[PDB]
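Colleague: sequence first, structure after; it's an experimental one.
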Amino acid sequence: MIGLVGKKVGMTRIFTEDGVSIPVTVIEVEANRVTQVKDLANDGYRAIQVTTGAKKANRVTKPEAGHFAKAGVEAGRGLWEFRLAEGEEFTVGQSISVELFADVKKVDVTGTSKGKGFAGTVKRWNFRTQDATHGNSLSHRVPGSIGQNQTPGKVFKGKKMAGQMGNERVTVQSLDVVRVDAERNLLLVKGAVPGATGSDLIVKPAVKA
Amino acid sequence: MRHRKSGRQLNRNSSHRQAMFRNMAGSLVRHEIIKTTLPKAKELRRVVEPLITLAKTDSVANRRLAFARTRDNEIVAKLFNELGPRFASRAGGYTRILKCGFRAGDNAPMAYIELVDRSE
Amino acid sequence: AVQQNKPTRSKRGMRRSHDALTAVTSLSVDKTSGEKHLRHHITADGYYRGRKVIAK
Amino acid sequence: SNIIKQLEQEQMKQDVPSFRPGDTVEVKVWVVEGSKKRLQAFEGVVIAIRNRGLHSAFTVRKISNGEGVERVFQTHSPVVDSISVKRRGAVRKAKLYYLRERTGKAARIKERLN
Amino acid sequence: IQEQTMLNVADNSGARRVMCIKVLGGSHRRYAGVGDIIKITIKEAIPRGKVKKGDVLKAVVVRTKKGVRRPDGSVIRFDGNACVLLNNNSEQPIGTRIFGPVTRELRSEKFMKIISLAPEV
RNA sequence: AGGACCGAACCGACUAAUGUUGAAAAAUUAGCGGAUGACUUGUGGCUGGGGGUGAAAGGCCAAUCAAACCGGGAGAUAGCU
RNA sequence: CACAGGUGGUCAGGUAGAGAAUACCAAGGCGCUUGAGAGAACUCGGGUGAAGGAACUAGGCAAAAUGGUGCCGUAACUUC
RNA sequence: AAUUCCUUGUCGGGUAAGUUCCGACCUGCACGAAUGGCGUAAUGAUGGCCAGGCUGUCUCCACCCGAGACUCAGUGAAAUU
RNA sequence: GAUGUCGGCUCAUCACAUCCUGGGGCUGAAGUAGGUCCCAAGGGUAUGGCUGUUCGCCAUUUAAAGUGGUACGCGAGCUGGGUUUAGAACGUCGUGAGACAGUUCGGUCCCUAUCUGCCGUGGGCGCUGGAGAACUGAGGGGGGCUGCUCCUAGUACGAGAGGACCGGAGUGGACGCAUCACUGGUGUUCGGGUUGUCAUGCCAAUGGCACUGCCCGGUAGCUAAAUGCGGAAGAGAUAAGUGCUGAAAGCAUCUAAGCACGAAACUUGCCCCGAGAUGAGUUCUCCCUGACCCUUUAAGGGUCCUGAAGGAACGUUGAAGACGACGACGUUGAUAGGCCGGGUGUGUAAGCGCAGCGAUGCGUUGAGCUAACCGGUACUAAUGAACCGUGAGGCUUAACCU
Ligand SMILES: [Mg+2]
Ligand SMILES: [Mg+2]
Ligand SMILES: [Mg+2]
Ligand SMILES: [Mg+2]
Ligand SMILES: [Mg+2]
Ligand SMILES: [Mg+2]
Ligand SMILES: [Mg+2]
Ligand SMILES: [Mg+2]
Ligand SMILES: [Mg+2]
Ligand SMILES: [Mg+2]
Ligand SMILES: [Mg+2]
Ligand SMILES: [Mg+2]
Ligand SMILES: [Mg+2]
Ligand SMILES: [Mg+2]
Ligand SMILES: [Mg+2]
Ligand SMILES: [Mg+2]
Ligand SMILES: [Mg+2]
Ligand SMILES: [Mg+2]
Ligand SMILES: [Mg+2]
Ligand SMILES: [Mg+2]
Ligand SMILES: [Mg+2]
Ligand SMILES: [Mg+2]
Ligand SMILES: [Mg+2]
Ligand SMILES: [Mg+2]
Ligand SMILES: [Mg+2]
Ligand SMILES: [Mg+2]
Ligand SMILES: [Mg+2]
Ligand SMILES: [Mg+2]
Ligand SMILES: [Mg+2]
């Protein structure tokens, strides 16, 4: 099937009759007003666009209004495609919701990331640290040898070393659903998904069983 | 990574950011106006504001604990006995900051931290 | 670790391309006074968003 | 946030009584055992303390059969069942780790009493 | 719990200090605890007993200093690291009385001989 | 009493790091040994180069030492580059 | 070099202290002739570290630790 | 053995495991009596080995405080080519 | 007119003559496990004692602890233990200076990166009207390991002992990604205790310095030892191998015609970058519809009036960040700080009273104080503007129009 665009604000418990304490992440799905559903009519697609929040309207650009109005416009943070197979949906504000899930138990969630910045090995690549003593010189926690010699005469592509860390897609997969309680539009999953509170994040039913 | 941290560390100890400030603090009271680095100003505010908020309640505690901060009775007096009630109604924003930046020596940005009701 | 071949003038300016500069990008004018000043911060002598914050 | 909390209190119990960092207390937890399932006691003495809403612990020192043991009770968990109060005392401290290395007589704590 | 390390005898025949020399379970298994099998090497031992200093049997951790926890997320920690000797080639404790408490994570049948033994949990 | 003991001044240099286009043509920092003695230091004097001096390392003799520095024989000689 | 080096003699306050140690202070003298921001990797100098405790390594290199006064009590061996 | 080539000699101790270490044997490749032999209390910034205590030495790195590094304004090098 | 040696460390990349896991032929293959050969490079492939060692011997693991190339990979990356300087001694040789493919104790490891190359990140211009977005997906990379236990079934097999296949379920080791809810670490911006001393006239109460003076606890954030998830199933085309039908060759025959199966390798499936994909793609929406003049005139050049959509700047800032960048907000306001209330954390302030000769204790008082947190609040700061971008978009031909 397809998924909905939620928001992060989770990380909590939920004790069980038996005694278990289930971790959690509270995704909030404020309805998904389809913005411009379209089939093969235009492009090999077969997906359905959406929206969820609410721009101040005073901020929305004029262009960011036409496409809107050319359907059941309802502002919202952004727009999100949602590929589907063998299914219908009205190009007009249909606003799908968490009801989507219930019998659903998969879920995946795909927030942005965490964004460290610097990175550098030891963290950016779990690189091991060469003894902070027994000699050593300005080379305790450093790359140390990023190649070989004349034969290769260069440094191979993909060589793990420093460079911006985090701040990108990173999905998760699996994660059993705990609550699909609407009325508040809450979706409780197993635990920890990228995000960073308030950060937007998809929540499609796990490709894997 | 600094993520969600607060308070500019400036360029010194944790002893400096508790003296060069405590001083400038009184220097603010003692003069009602001041020219300094926007960064420093956009900090002394977080310093000389919780002090005036404390000026509301006269008391003995609110005097010694107002003395704990700043070693100038001369100002712990201007507080509680002036700017105390002077802002007795003030919702909180007891200061304008103003700007101008660009100093002769350093191409440093200067501001103009000052009390709101500074009309003299 | 030094160079092996004296860099051509070309390759030099090639690096200074970004090492350019930017103007004032147009500056503000005060309401009260016809002050020709820098946005968001004090005019030639005490004026700003009207008012007269700081005399002299 | 306020969607949360309402989610928190939604599970917070009001059975947990007065709590001080130094009391003896006696927690009763469902053992679950094997085929059976009862309630196991744990008379102790507080040494550290929760205070985080739905999220909270006990951290108790026992010194049972032979040597000492520590147990941080997630309070609001069904396993908690019921927690006593027993002897209360005087500590003049928030966390009593200075009790780790102590042993009887030296580990002795005072009594509260108003 | 990791190579080296010194655990105590939670039963008898070969007292105190006993050093771990191998964490069993798989290639590169870092540390062990709760109730796993670990290669041991007697270091002190009581004069008598059936086992003596120098021996190299294996044992099961019984009381780590770190602790254990699950369900509610409540941690049960001890102050010291417990052990328990068992005849090497084919399981079950080479002893009689098991001194001190234990954990229900040991109620895993194949250890039972120990949990039945009287102190606690 | 003591080429005695612990330890500052003072004398020295065993370890490590930092420095190595240095703050420095041998140092800084944390440590380290000696500290009434074959101790240490100020001023001035005497030993001169195949010579001096040396509790001896070819060590020192003005950032120079298996024969100082300066000038001269001198455009040494160079079947070598 | 307006250089973290070298340079002999004299003077010697208060509290704490065995003391020309050391800490804080007198008198007196200074903030070391680029500053302002940021709060990246990595380097230098430090503080704190769950469980383990030399498994490091050529080597416990470096760290960590010991550390005062009175009293108790103190082995092989010895040129006593 | 500061002497032993064969050599990680052989045996005993220490260790879970010891080409090092300690105790022996003697087959001294090639110890040996003032270019001294064998001992030796005390002393040693001396070589080797072991243990307690201790620990970020390490498993396995985490966080934090400062001086650089990064941005801005002024001054303004270097080897090499 | 210098191409730094061994071993180690850090980080690797390839080959396959494959150590483990995978698929097969033969077996002197009952099973269980083995032996040997063929196929197979996806992934994975030990810690310590001794020694400078690589290696090796030993101890204990493991599914296994592969083999080999890469200046016997890697010192403008670390070490300096082995090894060739200068000291010194032993054995030995030499009359001696000295010497040893003998040994022993000691013994300075430099370089701020221009070019290539890499890991990240921007600025230009271009994609033919200018803009704001949403995607297609050519391509590129990532990932790919495996133990054990229960079921099948104590069944097949076996005289027993012992003991499967095929398939199914669950739980781990190692590796990776993400996240602070839990358990903890830190937390020199929170609180408290305390030694020495200087000071705020003194009492009391406080502040400065002494590593944050020493120390106990700790918010947010960051984080692992903590917590959740993952490397699959399933497709397609094959490897070795196994076959059907069948002639060449009256038989036989996997092949010649023609069909069928078949592995972690290959193409996919799973995750991420991704139209500079110059072959620069597509979809949706938005904005501009005045004059004139000068030519060398059908190619254009300039002036007046206009300057939009959107951008950029600027300011307040961010779980975003070296700088750029990217995100939010700008009075049409929660975007920062302050403020109010709450929480959390310390732990019962000060002042006053009582008791005690006093140290101190008790009451007031779970008080006082409290950040990066939660809820809320325009008090202060986020100015009207100004800047850039223009004014209906080249030809040719074709499909529908007229
Ligand atoms: Mg060096
Ligand atoms: Mg090439
Ligand atoms: Mg903030
Ligand atoms: Mg600075
Ligand atoms: Mg301080
Ligand atoms: Mg002496
Ligand atoms: Mg020194
Ligand atoms: Mg001495
Ligand atoms: Mg003289
Ligand atoms: Mg000289
Ligand atoms: Mg001549
Ligand atoms: Mg000549
Ligand atoms: Mg100077
Ligand atoms: Mg630790
Ligand atoms: Mg070792
Ligand atoms: Mg090792
Ligand atoms: Mg040392
Ligand atoms: Mg130390
Ligand atoms: Mg011997
Ligand atoms: Mg001799
Ligand atoms: Mg003789
Ligand atoms: Mg092959
Ligand atoms: Mg080995
Ligand atoms: Mg050892
Ligand atoms: Mg090599
Ligand atoms: Mg080097
Ligand atoms: Mg060497
Ligand atoms: Mg010599
Ligand atoms: Mg001779």
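Modeller: Everything's here; your move. Numbering: from 1, shown residues only, chains lettered A, B, ... in the order given. Ligands and ions are numbered 1, 2, ... in the order given.
Colleague: what residue in chain D comes nearest to chain B?
Modeller: residue D:1 (15.3 Å; Cβ to the nearest Cβ). Any C-beta I mention is one placed from the backbone N, CA and C, and that applies to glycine too.
Colleague: same question, chain C
Modeller: Across chain C, the shortest distance to chain B (Cβ to the nearest Cβ) belongs to residue C:41, at 3.5 Å.
Colleague: surely that residue is within a strand?
Modeller: No - with DSSP: H, G, I helix; E, B strand; the rest coil as the criterion, residue C:41 is assigned coil and is not in a strand.
Colleague: quick one: buried residues of the longest helix belonging to chain B?
Modeller: Identified as the longest helix of chain B according to DSSP state H is helix B:20-31. With burial defined by 16 or more other Cβ atoms under 10 Å in any protein chain shown, the residues of helix B:20-31 counted as buried are B:21, B:22, B:24, B:25, B:26, B:27, B:28, B:29.
Colleague: ends of stretch D:33-42, how far apart?
Modeller: When the termini of stretch D:33-42 are compared using Cα to Cα, to the nearest Å, they are 16 Å apart.
Colleague: which outside residues touch it?
Modeller: Around stretch D:33-42, the neighbours that count as contacts under Cβ atoms under 8 Å, 6 or more residues apart in numbering or on different chains are D:26-31, D:60, D:62, D:71, D:81-82, E:104, E:107, E:121.
Colleague: and for stretch B:48-60?
Modeller: The contact list for stretch B:48-60, computed with Cβ under 8 Å, 6+ apart, reads B:25, B:28-29, B:62, B:65-66, B:69-70, B:79-80, B:83-85, B:87-88, B:90, B:92, B:94-95, B:113.
Colleague: that stretch near RNA strand I at all?
Modeller: Yes - on the criterion Cβ under 7 Å from any atom of the strand, stretch B:48-60 is in touch with RNA strand I at B:49, B:50, B:53, B:56, B:60.
Colleague: what's the burial count for the closest residue to the residue of chain D closest to chain B other than its chain neighbours?
Modeller: The spatial neighbour of residue D:1 that comes closest, neighbours along the chain excluded (Cβ to Cβ, 6 or more residues apart in numbering or on different chains), is residue A:9 at 6.8 Å. Using other Cβ atoms under 10 Å in any protein chain shown, residue A:9 is surrounded by 19 other residues.
Colleague: go on, the one 5 residues further on?
Modeller: Other residues within reach of residue A:14 by the criterion other Cβ under 10 Å amount to 16.
Colleague: now do the nearest residue to it once chain neighbours are set aside against residue A:179, distance only.
Modeller: Residue nearest to residue A:14 in three dimensions, not counting chain neighbours: residue A:22, with 4.8 Å by Cβ to Cβ, 6+ apart. Here the criterion is Cβ to Cβ, to the nearest Å. By it, residue A:22 lies 10 Å from residue A:179.
Colleague: residue C:32 against residue C:50, yeah?
Modeller: Yes - using Cβ atoms under 8 Å as the test, residue C:32 is close enough to residue C:50 to be in contact (4.6 Å).
Colleague: please enumerate the helices of chain B.
Modeller: Across chain B, reading from the start of the chain, the helices by DSSP H fall at B:20-31, B:38-47, B:50-53, B:61-68, B:73-78, B:83-86.
Colleague: closest residue of chain B to chain A?
Modeller: Using Cβ to the nearest Cβ, residue B:1 is the residue of chain B that sits closest to chain A, at 6.2 Å.
Colleague: ok, now which ones touch that residue?
Modeller: Contact analysis of residue B:1 by Cβ under 8 Å, 6+ apart lists A:116, A:117, A:118.
Colleague: what ranges does chain A have for its helices?
Modeller: A:63-69.
Colleague: which positions in it make contact with chain B?
Modeller: Contact residues of chain A with respect to chain B, defined by Cβ under 8 Å from any Cβ of the partner chain, are listed as A:116, A:117, A:118.
Colleague: just the buried ones from the contacts of stretch D:33-42?
Modeller: In terms of neighbour count (16+ other Cβ under 10 Å), the buried residues within these are D:26, D:27, D:28, D:29, D:30, D:60, D:62, D:71, E:104, E:107, E:121.
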